[PDB]
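Colleague: Dropping the structure in here first, questions after.
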Amino acid sequence: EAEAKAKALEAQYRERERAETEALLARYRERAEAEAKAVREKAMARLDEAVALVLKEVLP
Amino acid sequence: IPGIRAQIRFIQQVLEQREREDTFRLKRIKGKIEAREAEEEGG
Amino acid sequence: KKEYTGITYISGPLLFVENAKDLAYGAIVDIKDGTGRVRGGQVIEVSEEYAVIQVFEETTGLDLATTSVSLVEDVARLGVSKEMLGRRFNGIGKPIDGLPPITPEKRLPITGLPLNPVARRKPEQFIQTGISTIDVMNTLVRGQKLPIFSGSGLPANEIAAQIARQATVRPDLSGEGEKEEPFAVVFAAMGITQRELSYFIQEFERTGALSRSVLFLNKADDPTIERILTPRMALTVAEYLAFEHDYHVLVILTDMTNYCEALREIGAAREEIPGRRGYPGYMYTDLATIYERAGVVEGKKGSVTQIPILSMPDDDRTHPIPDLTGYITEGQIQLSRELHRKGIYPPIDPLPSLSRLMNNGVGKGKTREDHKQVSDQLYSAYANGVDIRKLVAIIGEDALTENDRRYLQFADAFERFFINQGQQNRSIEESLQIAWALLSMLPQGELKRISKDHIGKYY
Amino acid sequence: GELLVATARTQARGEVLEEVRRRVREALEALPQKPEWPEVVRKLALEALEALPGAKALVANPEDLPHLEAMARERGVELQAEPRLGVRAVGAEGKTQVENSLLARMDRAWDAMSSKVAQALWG
Amino acid sequence: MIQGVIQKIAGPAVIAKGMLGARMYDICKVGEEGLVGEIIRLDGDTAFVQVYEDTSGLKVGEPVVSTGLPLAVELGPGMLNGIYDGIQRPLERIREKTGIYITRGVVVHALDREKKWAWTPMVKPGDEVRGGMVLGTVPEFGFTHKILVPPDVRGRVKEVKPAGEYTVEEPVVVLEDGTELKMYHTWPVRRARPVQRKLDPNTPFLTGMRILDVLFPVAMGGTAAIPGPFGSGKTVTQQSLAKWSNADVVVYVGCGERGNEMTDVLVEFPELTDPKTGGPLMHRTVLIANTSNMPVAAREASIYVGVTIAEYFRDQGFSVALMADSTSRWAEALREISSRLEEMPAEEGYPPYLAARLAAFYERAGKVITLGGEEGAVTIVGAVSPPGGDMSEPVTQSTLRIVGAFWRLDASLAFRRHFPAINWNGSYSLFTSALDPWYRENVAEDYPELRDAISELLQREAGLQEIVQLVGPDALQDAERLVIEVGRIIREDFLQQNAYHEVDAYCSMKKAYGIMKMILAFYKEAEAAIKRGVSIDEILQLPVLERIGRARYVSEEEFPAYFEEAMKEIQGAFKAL
Amino acid sequence: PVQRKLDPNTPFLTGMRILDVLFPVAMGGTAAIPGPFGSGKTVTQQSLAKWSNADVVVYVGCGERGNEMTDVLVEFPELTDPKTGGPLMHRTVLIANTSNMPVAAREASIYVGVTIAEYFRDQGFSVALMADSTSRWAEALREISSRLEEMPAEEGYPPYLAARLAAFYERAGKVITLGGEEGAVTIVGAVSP
Ligand SMILES: Nc1ncnc2c1ncn2[C@@H]1O[C@H](COP(=O)(O)OP(=O)(O)O)[C@@H](O)[C@H]1O
């Protein structure tokens, strides 16, 4: 029964581990998509300026 | 032991000196090619 | 972009193109033809009226009629972004990460000369590994160049990236913390096969274990030329990491056999005057010059721990390649066929294997003062026992005395249990425990390369 | 997880940065037909002209070279042939043929300052 | 292309003229003996001739006019069955136009542009297709070979011909780019085919034997190697692999060959029973022979032709079984160049291009999913002649970490009954650990165990070996001759394989398995005998040892029941005594 | 020059008994010792010199590994010359050479100490030549001799295979210098396998 009880632990140990680690991914990924967007968004506004600047070096 | 030592001993060296020639033979060739042909910075 | 045609003469990987007054050694330019095709070639041996380019392509869809040079950049060498860290690379490094290019925080010529003679300082600090045996018998410290003698069809390779990922830079036990030690894992392969290449993707990529690492790796498939420079990258880059911005670094080579194999080809044509094994000295040179990134420079605890990693073929130091190493490097760590066969993980030889400097970072409650004699306990304790092991069909565990019969049994428990460990990531302290235990099988009437006092602390 | 976020952002910034590059590049291709364009011609035409100590003729496309009157008079006194996104020069025998592409200039500034330009964007 | 005739009568690697703008490595038409060149160095208008074909008429002013393009295999119908020169010339056509003797300038046309071969429309016009996309069916055998879009040759359809027997170069789709897919394509050897993405082994090839099929299990998509010494095993140790393979397409290619042995390959494949079919092994074999009398560059060609096929097929998911007849002659072929080209080779006359001429090429493919969306198992069999014999040839070290398996061949070992009795440490196939999943189910979970079980003894036995050589069984602990003798059967029925001992013509997983228990048992029963105190002699003198001694005399089918008795006969000739 | 070279036949004191008792030194010759890795040979050179019997200390590397190539410097004042009271470093010219060093760096390394020694020697000063991997010096020589038209058509050894060797040892003894005094010019050849 010291083996048995521990067997009963194991289930949960794999399950809870699975469920959470798998869940952690959801949280990260779906936040990754978002955070990726937010550096795009910072640029969007002040973006034009970049083109303008870059264009200016190349032009003469 | 000491016999079988001496074998290696023999080998080695014999292999080795051959190896001079490699270069020596090839070398002389290099000299030719380069002497006729290495004057492209002159023309 | 300075054009020059005047390609006269196209031989093998070499190429003349006229001019060569304007050029500074170690140069590269794109020759583009009618197809405009890019082939790439270092501009080597600048003559005067011509150059010598050593291109790397195939010269087909190529026209002597239209040739030129878009002057690319002679002394081209990397930029650098130490914070570009999610990077994964092939050879020289074009994104195998596929992530958008670095921010050249600085720009690094890959050569610059190593350290200062007056910079370096003799070792003084251990670093744990996640492996047992390779911390006990031979004990990892920072600024240590530990060659790891591999052989042919072996899983050296595995035990590399394996113990790689296990690793965590550590000196907690000494009385210091671990907060201010950045851990820089720099990884570099070469000559990678389809199979192997994915094992890579497996480890880093396993979880985010690239969470502290970069790949760089010139396939066999890839040109042997670009190959050469491959290390020089992370070599140079590594400085910028720890020496310029403290990390506690890990040099991880790959059979540098390859470099040199690769080296050869260049010369074989270039008429590079031989040396031994036809191989002209400077192998000598270069090899020195690489691992001179060891030692602790003042103001930087962020010193690099080095692992030079190659194999001998006939597995003798006969080959220059180990010899060389074996003259300058601080150790030796071999692996046996037998060993792997016996399934010992790590499968690392005994007496053949040794960390030359390791007193310094150990002991003193950093791993116990007792680590010392534990190291020479088990050495001789073990080694004796293989005497027994090897006299067995002659005289078995009968003719034997008890003690020595235990020293057969010691050996058995030593190899099987300690040195094999599979993939378990032991802890340095968790490694020492074992030691005690195994030795406990033998009486203290059969222990003495540790004081009884100390052995009784863990008996 | 942190590593997934990190890639995501860095990746994202590239998509932006590349866009800005493209617009300039695209812009540089709408330049040969501009009204302020003949003027630009001879700038790059001159730039190339400095680079060759030899000379022969100054070559640029239609939508380029015809406009050039400055060095249609000067240099080789010609408006010979056509290669637009640059002006190149010829002179002093072969092997000297140097260019200065508008797009190689793009690639010059772009390739470098993928850093400062990125700064102009973020920060 | 660029016009020239012989400018400077100078070797069979001559100097042409009028050849500026030249593309190195480009096929040409040269002279009048059907002669053809390769741009093998440049000097503006004057060009380094690579000379394939012979002359005995080298003089000045003889054509040397390039093509500005370079080499190509006519890929498509007709390859399977019927020999192909290293020129990819169906030697039949030649023989019919030559005679018994071979004669050049006899250009023949590789595929039948003059025969009627079925086709099928399957697509639509006003629509389009990309590379590697099915078109119709030209057939031949149950090894039916539809035709796909050749890639790099991919556009918008405009018609789709009605099914019908047509010539191979007949278009059968014309495209709205005015272009036309036809049923075959000549294609540069040098160019290497793209794919959808790289796939990797985990599945094991089986060459129907035991050594390299369990003891060094062969990987499906594998890579391999063998130095087979001089008049000392290789060739004849390589053919049965052909007729014991799970190949989709067998690709027999031999280079530099001895004519006679290909009068025992080429004319023997008809009289080979395809088991996946019935008739000629030539059903899925092309046959691509080249000899050493046949030129040097043909000697190269050979190789690079079966690459192309391998790729062509790989796309089409065909599980290439290529087996290469030693490169070393090839090596020589390059390396004789060096001298004549007045060059500084790599060591002892080894051309310097080596890595160059090996390495990319070898790691081109092996079980790799394609744009054909199928797994072409480019399973390639590297053979080497160690002409020095030395276990230290360049060629070796370069082989390192490129093959998947490697083995070496002892001669007086092999001169005996067991050809090939080799050192397994004179070998290694690390390509064997990823097949363990697959084995675990497929054969069994102790199918990988039981192979581990052998090796334990086999290398530890060396342990003992030395002491043998330090005295021999002459009063040494009763573990002795246990092992010794054990190992004997382990090579004798268990791995002494022969096509000719037709009882052991083939060997299976399960057969091997059977065995793996047969013996195991006998061993086991020896353990508890001797532990009980038994002297091994009588264990020696067991008939059931001979019952296992029929185990290469026991074919696979027979095996189940055969073995099932012997596990008893063991115990009867063991527990008892 | 030094006028006559006379008889070095007064032995060199080293302060460790048995050594000189067993195999003494004279005072300006050519000695040797092997001793590679493990059993820290460095022991000797430190203690040796500590007592010595020379009034000048001379050292360099040629192949010695980085940190250790710095170690020397460190151990110098640790060595207490009670003659001076303070450091042995007092009577110490130091030269060095790791191994990454410039080509002719290594080649000169040697030459340095030797030349200089004579200076002092000529002035009446007992100098103290030692050795770090004498054998490894030669490595470099091979390298050097490599890149040349010539070669070790010797046996993988630089031609001038007694050349550099010679003067290196011929120069020594109990000189009656130009200054008329003497400078003890003891050398120990640690080719140290
Ligand atoms: N499995 C085998 N059983 C018997 N003989 C074999 C076997 N495999 C190879 N041989 C022997 O190989 C000999 C010839 O060598 P071969 O294998 O053709 O290669 P090589 O060209 O390297 O000599 C044959 O005479 C044949 O007896």
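Identifiers for the structure tokens are assigned positionally: chains receive A, B, ... in sequence, residues are indexed from 1 per chain, and ligands are indexed from 1 in the order shown.
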Leaving out residue 293 in chain C and any residue of its chain fewer than 2 positions from it, which residues lie within 8 Å of it when counting only C-alpha atoms, given as an mmCIF file with N, CA and C atoms, in the first residue's frame?
Modeller:
```
data_model
loop_
_atom_site.group_PDB
_atom_site.id
_atom_site.type_symbol
_atom_site.label_atom_id
_atom_site.label_comp_id
_atom_site.auth_asym_id
_atom_site.auth_seq_id
_atom_site.Cartn_x
_atom_site.Cartn_y
_atom_site.Cartn_z
ATOM 1 N N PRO C 114 43.413 38.014 -28.507
ATOM 2 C CA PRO C 114 42.859 37.721 -27.213
ATOM 3 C C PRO C 114 43.454 38.667 -26.214
ATOM 4 N N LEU C 115 43.153 38.368 -24.946
ATOM 5 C CA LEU C 115 43.438 39.035 -23.718
ATOM 6 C C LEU C 115 44.820 39.629 -23.566
ATOM 7 N N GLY C 143 36.973 29.423 -16.627
ATOM 8 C CA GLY C 143 38.254 29.682 -17.270
ATOM 9 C C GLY C 143 39.116 28.465 -17.442
ATOM 10 N N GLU C 239 33.310 37.042 -26.170
ATOM 11 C CA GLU C 239 33.966 38.114 -25.490
ATOM 12 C C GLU C 239 33.029 39.202 -25.189
ATOM 13 N N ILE C 290 43.036 30.349 -29.827
ATOM 14 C CA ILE C 290 41.632 30.264 -29.634
ATOM 15 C C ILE C 290 41.315 30.177 -28.193
ATOM 16 N N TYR C 291 42.036 29.335 -27.442
ATOM 17 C CA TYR C 291 41.660 29.092 -26.062
ATOM 18 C C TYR C 291 42.355 29.975 -25.110
ATOM 19 N N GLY C 295 41.117 32.134 -18.424
ATOM 20 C CA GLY C 295 41.688 33.004 -17.430
ATOM 21 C C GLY C 295 40.712 34.046 -17.022
ATOM 22 N N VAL C 304 35.033 32.975 -19.135
ATOM 23 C CA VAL C 304 34.483 32.028 -20.006
ATOM 24 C C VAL C 304 34.955 30.748 -19.582
#
```
Colleague: Can I get the residues close to ligand 1 as JSON, numbers by chain, where close means within 9 Å and we count only C-alpha atoms and all ligand atoms?
Modeller: {"E": [227, 228, 229, 230, 231, 232, 233, 234, 235, 236, 237, 238, 239, 240, 261, 384, 385, 409, 414, 415, 416, 417, 418, 419, 420, 496, 497, 498, 499, 500, 501]}
Colleague: So which residues touch range 264-266 of chain C within 10 Å, counting only C-alpha atoms, skipping near sequence neighbours fewer than 3 positions away, as a VMD selection string?
Modeller: (chain C and resid 13 54 224 to 225 258 to 261 269 to 272 274 278 to 280) or (chain E and resid 345 to 347 351 to 356)
Colleague: What would the file look like if the residues just selected were written as an mmCIF file, in the first residue's frame with N, CA, C and O atoms?
Modeller:
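What follows is the written file selection-v1.cif:
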```cif
data_model
loop_
_atom_site.group_PDB
_atom_site.id
_atom_site.type_symbol
_atom_site.label_atom_id
_atom_site.label_comp_id
_atom_site.auth_asym_id
_atom_site.auth_seq_id
_atom_site.Cartn_x
_atom_site.Cartn_y
_atom_site.Cartn_z
ATOM 1 N N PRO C 13 38.240 27.078 -57.480
ATOM 2 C CA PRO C 13 37.617 28.016 -56.583
ATOM 3 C C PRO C 13 38.286 29.339 -56.664
ATOM 4 O O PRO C 13 37.957 30.188 -55.858
ATOM 5 N N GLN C 54 38.764 33.679 -53.846
ATOM 6 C CA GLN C 54 38.508 32.339 -53.616
ATOM 7 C C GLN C 54 37.102 32.411 -53.339
ATOM 8 O O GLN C 54 36.666 32.808 -52.270
ATOM 9 N N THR C 224 33.076 24.326 -46.761
ATOM 10 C CA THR C 224 34.089 24.128 -45.788
ATOM 11 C C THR C 224 34.867 25.360 -45.540
ATOM 12 O O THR C 224 35.651 25.453 -44.610
ATOM 13 N N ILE C 225 34.646 26.355 -46.381
ATOM 14 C CA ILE C 225 35.335 27.574 -46.300
ATOM 15 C C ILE C 225 34.695 28.357 -45.223
ATOM 16 O O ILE C 225 35.368 28.854 -44.339
ATOM 17 N N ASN C 258 37.106 18.820 -38.125
ATOM 18 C CA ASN C 258 36.421 19.276 -39.265
ATOM 19 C C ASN C 258 37.042 20.503 -39.786
ATOM 20 O O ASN C 258 37.439 20.510 -40.931
ATOM 21 N N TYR C 259 37.267 21.521 -38.957
ATOM 22 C CA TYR C 259 37.917 22.759 -39.313
ATOM 23 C C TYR C 259 39.166 22.621 -40.134
ATOM 24 O O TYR C 259 39.595 23.520 -40.833
ATOM 25 N N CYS C 260 39.860 21.541 -39.836
ATOM 26 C CA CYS C 260 41.227 21.325 -40.133
ATOM 27 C C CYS C 260 41.325 20.464 -41.270
ATOM 28 O O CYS C 260 42.080 20.716 -42.198
ATOM 29 N N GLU C 261 40.371 19.523 -41.304
ATOM 30 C CA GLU C 261 40.050 18.758 -42.468
ATOM 31 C C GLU C 261 39.813 19.834 -43.533
ATOM 32 O O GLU C 261 40.609 20.002 -44.449
ATOM 33 N N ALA C 269 45.510 23.438 -52.623
ATOM 34 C CA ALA C 269 45.449 24.071 -53.884
ATOM 35 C C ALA C 269 46.330 25.239 -53.764
ATOM 36 O O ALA C 269 47.188 25.444 -54.619
ATOM 37 N N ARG C 270 46.120 26.055 -52.711
ATOM 38 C CA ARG C 270 46.843 27.268 -52.514
ATOM 39 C C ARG C 270 48.342 27.107 -52.446
ATOM 40 O O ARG C 270 49.082 28.079 -52.472
ATOM 41 N N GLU C 271 48.836 25.857 -52.457
ATOM 42 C CA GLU C 271 50.204 25.459 -52.508
ATOM 43 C C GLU C 271 50.806 25.769 -51.215
ATOM 44 O O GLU C 271 52.013 25.981 -51.128
ATOM 45 N N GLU C 272 49.952 25.821 -50.172
ATOM 46 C CA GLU C 272 50.319 26.159 -48.831
ATOM 47 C C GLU C 272 51.312 25.099 -48.405
ATOM 48 O O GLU C 272 51.023 23.909 -48.469
ATOM 49 N N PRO C 274 53.313 22.508 -46.854
ATOM 50 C CA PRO C 274 53.001 21.546 -45.826
ATOM 51 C C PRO C 274 53.629 21.699 -44.516
ATOM 52 O O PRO C 274 54.472 22.547 -44.288
ATOM 53 N N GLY C 278 51.467 16.692 -43.684
ATOM 54 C CA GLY C 278 51.362 17.559 -44.802
ATOM 55 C C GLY C 278 50.863 18.885 -44.372
ATOM 56 O O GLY C 278 50.564 19.725 -45.192
ATOM 57 N N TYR C 279 50.528 19.000 -43.098
ATOM 58 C CA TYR C 279 49.803 20.073 -42.596
ATOM 59 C C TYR C 279 50.782 21.048 -42.061
ATOM 60 O O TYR C 279 51.412 20.741 -41.059
ATOM 61 N N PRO C 280 50.944 22.213 -42.658
ATOM 62 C CA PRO C 280 51.826 23.281 -42.252
ATOM 63 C C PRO C 280 51.462 23.761 -40.924
ATOM 64 O O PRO C 280 50.285 24.006 -40.724
ATOM 65 N N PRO E 345 47.743 18.591 -55.685
ATOM 66 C CA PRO E 345 46.571 17.917 -55.254
ATOM 67 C C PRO E 345 46.663 17.954 -53.788
ATOM 68 O O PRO E 345 47.724 18.247 -53.264
ATOM 69 N N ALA E 346 45.667 17.374 -53.145
ATOM 70 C CA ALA E 346 45.780 16.947 -51.802
ATOM 71 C C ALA E 346 46.692 15.762 -51.833
ATOM 72 O O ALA E 346 47.157 15.318 -52.875
ATOM 73 N N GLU E 347 47.092 15.350 -50.645
ATOM 74 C CA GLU E 347 48.118 14.408 -50.332
ATOM 75 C C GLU E 347 48.247 13.224 -51.234
ATOM 76 O O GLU E 347 47.292 12.831 -51.853
ATOM 77 N N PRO E 351 43.248 14.448 -55.319
ATOM 78 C CA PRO E 351 42.902 15.785 -55.752
ATOM 79 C C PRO E 351 42.530 16.648 -54.592
ATOM 80 O O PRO E 351 42.273 16.110 -53.532
ATOM 81 N N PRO E 352 42.560 17.916 -54.666
ATOM 82 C CA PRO E 352 42.344 18.729 -53.511
ATOM 83 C C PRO E 352 40.878 18.867 -53.280
ATOM 84 O O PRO E 352 40.484 18.987 -52.133
ATOM 85 N N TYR E 353 40.046 18.838 -54.328
ATOM 86 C CA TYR E 353 38.632 18.975 -54.208
ATOM 87 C C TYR E 353 38.177 17.673 -53.788
ATOM 88 O O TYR E 353 38.579 16.701 -54.408
ATOM 89 N N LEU E 354 37.529 17.609 -52.637
ATOM 90 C CA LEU E 354 37.349 16.337 -52.044
ATOM 91 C C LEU E 354 36.144 16.415 -51.246
ATOM 92 O O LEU E 354 35.194 15.692 -51.483
ATOM 93 N N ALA E 355 36.142 17.382 -50.311
ATOM 94 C CA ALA E 355 35.042 17.734 -49.453
ATOM 95 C C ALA E 355 34.033 18.192 -50.401
ATOM 96 O O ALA E 355 32.968 17.615 -50.551
ATOM 97 N N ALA E 356 34.589 19.074 -51.245
ATOM 98 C CA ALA E 356 34.081 19.569 -52.463
ATOM 99 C C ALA E 356 33.390 18.509 -53.234
ATOM 100 O O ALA E 356 32.323 18.746 -53.777
#
```
Colleague: Within 7 Å of chain F, which residues of chain C are there when counting only C-alpha atoms? Please give them as a VMD selection string.
Modeller: chain C and resid 117 to 118 120 to 122 273 275 to 276 280 to 282 285 288 to 289 292 295 328
Colleague: Go ahead and write the selection's residues with N, CA and C atoms as a PDB file, in the first residue's frame.
Modeller:
```
ATOM      1  N   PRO C 117      48.415  39.685 -21.171  1.00  0.00           N
ATOM      2  CA  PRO C 117      49.130  38.714 -20.373  1.00  0.00           C
ATOM      3  C   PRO C 117      48.952  39.037 -18.951  1.00  0.00           C
ATOM      4  N   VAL C 118      48.714  40.323 -18.707  1.00  0.00           N
ATOM      5  CA  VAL C 118      48.619  40.875 -17.414  1.00  0.00           C
ATOM      6  C   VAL C 118      47.159  40.951 -17.064  1.00  0.00           C
ATOM      7  N   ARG C 120      44.809  38.000 -17.423  1.00  0.00           N
ATOM      8  CA  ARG C 120      44.502  36.676 -16.923  1.00  0.00           C
ATOM      9  C   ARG C 120      44.890  36.395 -15.500  1.00  0.00           C
ATOM     10  N   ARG C 121      44.149  35.477 -14.836  1.00  0.00           N
ATOM     11  CA  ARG C 121      44.404  35.107 -13.474  1.00  0.00           C
ATOM     12  C   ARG C 121      44.047  33.686 -13.380  1.00  0.00           C
ATOM     13  N   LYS C 122      44.901  32.931 -12.675  1.00  0.00           N
ATOM     14  CA  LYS C 122      44.837  31.527 -12.396  1.00  0.00           C
ATOM     15  C   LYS C 122      43.529  31.199 -11.798  1.00  0.00           C
ATOM     16  N   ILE C 273      52.568  25.529 -48.131  1.00  0.00           N
ATOM     17  CA  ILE C 273      53.707  24.679 -47.907  1.00  0.00           C
ATOM     18  C   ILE C 273      53.441  23.810 -46.725  1.00  0.00           C
ATOM     19  N   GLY C 275      53.332  20.743 -43.675  1.00  0.00           N
ATOM     20  CA  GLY C 275      54.021  20.648 -42.452  1.00  0.00           C
ATOM     21  C   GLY C 275      53.738  19.263 -42.174  1.00  0.00           C
ATOM     22  N   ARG C 276      53.740  18.909 -40.891  1.00  0.00           N
ATOM     23  CA  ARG C 276      53.607  17.550 -40.519  1.00  0.00           C
ATOM     24  C   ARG C 276      52.218  17.132 -40.728  1.00  0.00           C
ATOM     25  N   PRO C 280      50.944  22.213 -42.658  1.00  0.00           N
ATOM     26  CA  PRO C 280      51.826  23.281 -42.252  1.00  0.00           C
ATOM     27  C   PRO C 280      51.462  23.761 -40.924  1.00  0.00           C
ATOM     28  N   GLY C 281      52.460  24.043 -40.080  1.00  0.00           N
ATOM     29  CA  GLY C 281      52.297  24.661 -38.785  1.00  0.00           C
ATOM     30  C   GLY C 281      51.544  25.948 -38.881  1.00  0.00           C
ATOM     31  N   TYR C 282      50.798  26.299 -37.813  1.00  0.00           N
ATOM     32  CA  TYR C 282      49.975  27.473 -37.603  1.00  0.00           C
ATOM     33  C   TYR C 282      48.668  27.004 -37.154  1.00  0.00           C
ATOM     34  N   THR C 285      49.565  27.640 -34.219  1.00  0.00           N
ATOM     35  CA  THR C 285      49.228  28.999 -33.948  1.00  0.00           C
ATOM     36  C   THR C 285      47.854  29.134 -33.515  1.00  0.00           C
ATOM     37  N   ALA C 288      46.493  27.702 -30.328  1.00  0.00           N
ATOM     38  CA  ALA C 288      46.760  28.471 -29.155  1.00  0.00           C
ATOM     39  C   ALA C 288      45.832  29.600 -28.958  1.00  0.00           C
ATOM     40  N   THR C 289      45.913  30.538 -29.899  1.00  0.00           N
ATOM     41  CA  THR C 289      45.093  31.680 -30.067  1.00  0.00           C
ATOM     42  C   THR C 289      43.614  31.560 -29.890  1.00  0.00           C
ATOM     43  N   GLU C 292      42.860  31.109 -25.616  1.00  0.00           N
ATOM     44  CA  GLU C 292      43.513  32.073 -24.783  1.00  0.00           C
ATOM     45  C   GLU C 292      42.454  33.006 -24.255  1.00  0.00           C
ATOM     46  N   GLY C 295      41.117  32.134 -18.424  1.00  0.00           N
ATOM     47  CA  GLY C 295      41.688  33.004 -17.430  1.00  0.00           C
ATOM     48  C   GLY C 295      40.712  34.046 -17.022  1.00  0.00           C
ATOM     49  N   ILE C 328      48.513  22.482 -24.669  1.00  0.00           N
ATOM     50  CA  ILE C 328      48.121  23.701 -24.070  1.00  0.00           C
ATOM     51  C   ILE C 328      46.935  23.592 -23.185  1.00  0.00           C
TER      52      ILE C 328
END
```
Colleague: Could you tell me how far CA of residue 276 in chain E lies from CA of residue 242 in chain E, in Å and to one decimal?
Modeller: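 Rounded to one decimal, the two atoms are 12.3 Å apart.
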Colleague: Using only C-alpha atoms and a cut-off of 7 Å, which residues of chain C sit close to chain D? Please list them as a list in words.
Modeller: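 The complete set of qualifying residues is residues 1, 2, 3, 4, 5, 6, 18, 19, 86, 99, 100, 103, 104, 208 and 211 of chain C.
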Colleague: May I ask for the distance between CA of residue 388 in chain C and CA of residue 404 in chain C, given in Å to one decimal place?
Modeller: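 Interatomic distance here is 6.6 Å.
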Colleague: Near range 23-40 of chain E, counting only C-alpha atoms, which residues have an atom at most 9 Å away, once you skip same-chain residues fewer than 6 positions from it, shown as a count of residues only?
Modeller: 39
Colleague: Tell me, in Å to one decimal, how far CA of residue 443 in chain C is from CA of residue 456 in chain C.
Modeller: 11.1 Å
Colleague: Please identify every residue of chain A that has at least one atom no more than 12 Å from any atom of chain C, counting only C-alpha atoms, and report them as a VMD selection string.
Modeller: chain A and resid 21 to 22 25
Colleague: Would you save the residues of that selection, restricted to N, CA and C atoms, as a PDB file, in the first residue's frame?
Modeller:
```pdb
ATOM      1  N   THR A  21       0.678  22.961 -17.425  1.00  0.00           N
ATOM      2  CA  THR A  21       1.745  23.353 -18.310  1.00  0.00           C
ATOM      3  C   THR A  21       1.275  23.694 -19.684  1.00  0.00           C
ATOM      4  N   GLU A  22       0.240  22.970 -20.109  1.00  0.00           N
ATOM      5  CA  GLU A  22      -0.475  23.112 -21.331  1.00  0.00           C
ATOM      6  C   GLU A  22      -1.263  24.386 -21.330  1.00  0.00           C
ATOM      7  N   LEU A  25       0.850  27.568 -21.710  1.00  0.00           N
ATOM      8  CA  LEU A  25       1.114  27.846 -23.101  1.00  0.00           C
ATOM      9  C   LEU A  25       0.087  28.750 -23.704  1.00  0.00           C
TER      10      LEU A  25
END
```
Colleague: Pull out every residue of chain C sitting within 7 Å of chain B, counting only C-alpha atoms, and send them as a PyMOL selection string.
Modeller: chain C and resi 47-50
